[PDB]
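Next comes query.csv, a file with CSV, N, CA and C atoms.
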chain,number,residue,atom,x,y,z
J,1,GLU,N,-11.9,0.0,-14.9
J,1,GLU,CA,-11.0,-0.9,-14.1
J,1,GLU,C,-9.5,-0.4,-14.1
J,2,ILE,N,-9.3,0.8,-14.4
J,2,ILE,CA,-7.8,1.4,-14.5
J,2,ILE,C,-7.8,2.6,-13.5
J,3,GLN,N,-8.6,3.6,-13.7
J,3,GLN,CA,-8.6,4.8,-12.9
J,3,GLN,C,-9.2,4.5,-11.5
J,4,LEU,N,-10.4,3.8,-11.5
J,4,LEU,CA,-11.1,3.4,-10.2
J,4,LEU,C,-10.1,2.6,-9.4
J,5,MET,N,-9.5,1.5,-10.0
J,5,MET,CA,-8.5,0.7,-9.2
J,5,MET,C,-7.4,1.5,-8.7
J,6,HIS,N,-6.8,2.4,-9.5
J,6,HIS,CA,-5.7,3.3,-9.1
J,6,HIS,C,-6.2,4.3,-7.9
J,7,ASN,N,-7.4,4.7,-7.9
J,7,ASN,CA,-8.0,5.6,-6.8
J,7,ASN,C,-7.9,4.9,-5.5
J,8,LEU,N,-7.9,3.6,-5.4
J,8,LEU,CA,-7.9,2.9,-4.1
J,8,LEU,C,-6.5,3.2,-3.4
J,9,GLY,N,-5.4,3.0,-4.1
J,9,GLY,CA,-4.1,3.3,-3.5
J,9,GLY,C,-3.9,4.8,-3.4
J,10,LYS,N,-4.4,5.5,-4.4
J,10,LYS,CA,-4.2,7.0,-4.5
J,10,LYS,C,-5.1,7.7,-3.3
J,11,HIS,N,-6.1,7.0,-2.8
J,11,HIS,CA,-6.9,7.5,-1.6
J,11,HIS,C,-6.1,7.3,-0.3
J,12,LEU,N,-6.4,6.2,0.4
J,12,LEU,CA,-5.7,6.0,1.8
J,12,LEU,C,-5.8,7.2,2.7
J,13,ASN,N,-4.9,7.5,3.6
J,13,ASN,CA,-5.1,8.7,4.5
J,13,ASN,C,-3.7,9.0,5.3
J,14,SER,N,-2.8,9.6,4.6
J,14,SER,CA,-1.5,10.0,5.2
J,14,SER,C,-0.7,8.9,6.0
J,15,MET,N,-1.1,8.6,7.2
J,15,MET,CA,-0.4,7.5,8.1
J,15,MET,C,-0.7,6.1,7.6
J,16,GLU,N,-2.0,5.9,7.4
J,16,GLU,CA,-2.5,4.6,6.8
J,16,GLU,C,-1.9,4.4,5.4
J,17,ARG,N,-1.6,5.6,4.7
J,17,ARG,CA,-1.0,5.6,3.4
J,17,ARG,C,0.5,5.2,3.5
J,18,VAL,N,1.2,5.8,4.3
J,18,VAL,CA,2.7,5.6,4.5
J,18,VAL,C,2.9,4.2,5.1
J,19,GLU,N,2.3,3.8,6.1
J,19,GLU,CA,2.4,2.4,6.7
J,19,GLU,C,2.0,1.4,5.6
J,20,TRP,N,1.2,1.8,4.7
J,20,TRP,CA,0.7,1.0,3.6
J,20,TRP,C,1.8,0.9,2.5
J,21,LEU,N,2.4,2.1,2.2
J,21,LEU,CA,3.4,2.2,1.2
J,21,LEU,C,4.7,1.4,1.7
J,22,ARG,N,5.0,1.5,2.9
J,22,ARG,CA,6.1,0.8,3.6
J,22,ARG,C,5.8,-0.7,3.6
J,23,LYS,N,4.5,-1.1,3.9
J,23,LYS,CA,4.1,-2.5,3.9
J,23,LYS,C,4.2,-3.1,2.5
J,24,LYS,N,3.9,-2.3,1.5
J,24,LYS,CA,4.0,-2.8,0.1
J,24,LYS,C,5.4,-3.3,-0.3
J,25,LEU,N,6.4,-2.5,0.2
J,25,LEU,CA,7.9,-2.9,-0.1
J,25,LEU,C,8.2,-4.1,0.7
J,26,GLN,N,7.8,-4.1,2.0
J,26,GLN,CA,8.1,-5.3,2.9
J,26,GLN,C,6.9,-6.3,3.0
J,27,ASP,N,6.1,-6.4,1.9
J,27,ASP,CA,4.9,-7.3,1.9
J,27,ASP,C,5.4,-8.8,2.1
J,28,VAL,N,5.0,-9.4,3.1
J,28,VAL,CA,5.5,-10.8,3.5
J,28,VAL,C,7.0,-10.9,3.5
J,29,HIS,N,7.7,-9.8,3.9
J,29,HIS,CA,9.1,-9.6,3.9
J,29,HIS,C,9.5,-9.0,5.3
J,30,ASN,N,9.1,-9.7,6.4
J,30,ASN,CA,9.4,-9.2,7.8
J,30,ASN,C,8.8,-10.3,8.8
J,31,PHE,N,7.6,-10.7,8.5
J,31,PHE,CA,7.0,-11.8,9.4
J,31,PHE,C,7.8,-13.0,9.5
J,32,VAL,N,8.4,-13.5,8.4
J,32,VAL,CA,9.3,-14.7,8.3
J,32,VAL,C,9.6,-14.9,6.8
J,33,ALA,N,10.6,-14.3,6.2
J,33,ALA,CA,11.0,-14.4,4.8
J,33,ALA,C,12.3,-13.7,4.5
J,34,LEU,N,12.3,-12.3,4.5
J,34,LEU,CA,13.6,-11.6,4.2
J,34,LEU,C,13.4,-10.1,4.8

Let me see the structure of the file written as C-alpha cells.
Amino acid sequence: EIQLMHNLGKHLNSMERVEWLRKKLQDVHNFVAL
C-alpha cells in the first residue's frame, strides 16, 4: 500500500501527467474557490 499507490501517480503519461500535476495544485481551485 506504499509503492503500488505511489506507482499510480508515478505512471500517468506525459500530457495526462502534467495536466494532472497542474490539476493537483489547482484541485477545486479554479471552478469556483481561489

Which residues in chain J does DSSP call alpha helix (DSSP H)? List them as a PDB file with N, CA and C atoms, in the coordinates of the input.
ATOM      1  N   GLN J   3      -8.600   3.600 -13.700  1.00  0.00           N
ATOM      2  CA  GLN J   3      -8.600   4.800 -12.900  1.00  0.00           C
ATOM      3  C   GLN J   3      -9.200   4.500 -11.500  1.00  0.00           C
ATOM      4  N   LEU J   4     -10.400   3.800 -11.500  1.00  0.00           N
ATOM      5  CA  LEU J   4     -11.100   3.400 -10.200  1.00  0.00           C
ATOM      6  C   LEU J   4     -10.100   2.600  -9.400  1.00  0.00           C
ATOM      7  N   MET J   5      -9.500   1.500 -10.000  1.00  0.00           N
ATOM      8  CA  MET J   5      -8.500   0.700  -9.200  1.00  0.00           C
ATOM      9  C   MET J   5      -7.400   1.500  -8.700  1.00  0.00           C
ATOM     10  N   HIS J   6      -6.800   2.400  -9.500  1.00  0.00           N
ATOM     11  CA  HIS J   6      -5.700   3.300  -9.100  1.00  0.00           C
ATOM     12  C   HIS J   6      -6.200   4.300  -7.900  1.00  0.00           C
ATOM     13  N   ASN J   7      -7.400   4.700  -7.900  1.00  0.00           N
ATOM     14  CA  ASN J   7      -8.000   5.600  -6.800  1.00  0.00           C
ATOM     15  C   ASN J   7      -7.900   4.900  -5.500  1.00  0.00           C
ATOM     16  N   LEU J   8      -7.900   3.600  -5.400  1.00  0.00           N
ATOM     17  CA  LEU J   8      -7.900   2.900  -4.100  1.00  0.00           C
ATOM     18  C   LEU J   8      -6.500   3.200  -3.400  1.00  0.00           C
ATOM     19  N   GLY J   9      -5.400   3.000  -4.100  1.00  0.00           N
ATOM     20  CA  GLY J   9      -4.100   3.300  -3.500  1.00  0.00           C
ATOM     21  C   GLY J   9      -3.900   4.800  -3.400  1.00  0.00           C
ATOM     22  N   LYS J  10      -4.400   5.500  -4.400  1.00  0.00           N
ATOM     23  CA  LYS J  10      -4.200   7.000  -4.500  1.00  0.00           C
ATOM     24  C   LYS J  10      -5.100   7.700  -3.300  1.00  0.00           C
ATOM     25  N   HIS J  11      -6.100   7.000  -2.800  1.00  0.00           N
ATOM     26  CA  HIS J  11      -6.900   7.500  -1.600  1.00  0.00           C
ATOM     27  C   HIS J  11      -6.100   7.300  -0.300  1.00  0.00           C
ATOM     28  N   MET J  15      -1.100   8.600   7.200  1.00  0.00           N
ATOM     29  CA  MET J  15      -0.400   7.500   8.100  1.00  0.00           C
ATOM     30  C   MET J  15      -0.700   6.100   7.600  1.00  0.00           C
ATOM     31  N   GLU J  16      -2.000   5.900   7.400  1.00  0.00           N
ATOM     32  CA  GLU J  16      -2.500   4.600   6.800  1.00  0.00           C
ATOM     33  C   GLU J  16      -1.900   4.400   5.400  1.00  0.00           C
ATOM     34  N   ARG J  17      -1.600   5.600   4.700  1.00  0.00           N
ATOM     35  CA  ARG J  17      -1.000   5.600   3.400  1.00  0.00           C
ATOM     36  C   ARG J  17       0.500   5.200   3.500  1.00  0.00           C
ATOM     37  N   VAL J  18       1.200   5.800   4.300  1.00  0.00           N
ATOM     38  CA  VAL J  18       2.700   5.600   4.500  1.00  0.00           C
ATOM     39  C   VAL J  18       2.900   4.200   5.100  1.00  0.00           C
ATOM     40  N   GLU J  19       2.300   3.800   6.100  1.00  0.00           N
ATOM     41  CA  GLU J  19       2.400   2.400   6.700  1.00  0.00           C
ATOM     42  C   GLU J  19       2.000   1.400   5.600  1.00  0.00           C
ATOM     43  N   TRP J  20       1.200   1.800   4.700  1.00  0.00           N
ATOM     44  CA  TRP J  20       0.700   1.000   3.600  1.00  0.00           C
ATOM     45  C   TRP J  20       1.800   0.900   2.500  1.00  0.00           C
ATOM     46  N   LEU J  21       2.400   2.100   2.200  1.00  0.00           N
ATOM     47  CA  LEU J  21       3.400   2.200   1.200  1.00  0.00           C
ATOM     48  C   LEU J  21       4.700   1.400   1.700  1.00  0.00           C
ATOM     49  N   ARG J  22       5.000   1.500   2.900  1.00  0.00           N
ATOM     50  CA  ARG J  22       6.100   0.800   3.600  1.00  0.00           C
ATOM     51  C   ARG J  22       5.800  -0.700   3.600  1.00  0.00           C
ATOM     52  N   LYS J  23       4.500  -1.100   3.900  1.00  0.00           N
ATOM     53  CA  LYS J  23       4.100  -2.500   3.900  1.00  0.00           C
ATOM     54  C   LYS J  23       4.200  -3.100   2.500  1.00  0.00           C
ATOM     55  N   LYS J  24       3.900  -2.300   1.500  1.00  0.00           N
ATOM     56  CA  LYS J  24       4.000  -2.800   0.100  1.00  0.00           C
ATOM     57  C   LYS J  24       5.400  -3.300  -0.300  1.00  0.00           C
ATOM     58  N   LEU J  25       6.400  -2.500   0.200  1.00  0.00           N
ATOM     59  CA  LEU J  25       7.900  -2.900  -0.100  1.00  0.00           C
ATOM     60  C   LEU J  25       8.200  -4.100   0.700  1.00  0.00           C
TER      61      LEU J  25
END

For a test of reading the model, state the distance in Å between atom N of residue 22 (chain J) and atom C of residue 10 (chain J), rounded to one decimal.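 For atom N of residue 22 (chain J) relative to atom C of residue 10 (chain J), the distance reads 13.4 Å.
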
Atomic distance CA of residue 3 (chain J) - atom C of residue 29 (chain J), expressed in Å with one decimal: 29.1 Å

Interatomic distance, atom C of residue 34 (chain J) to CA of residue 5 (chain J) (Å, one decimal): 28.1 Å
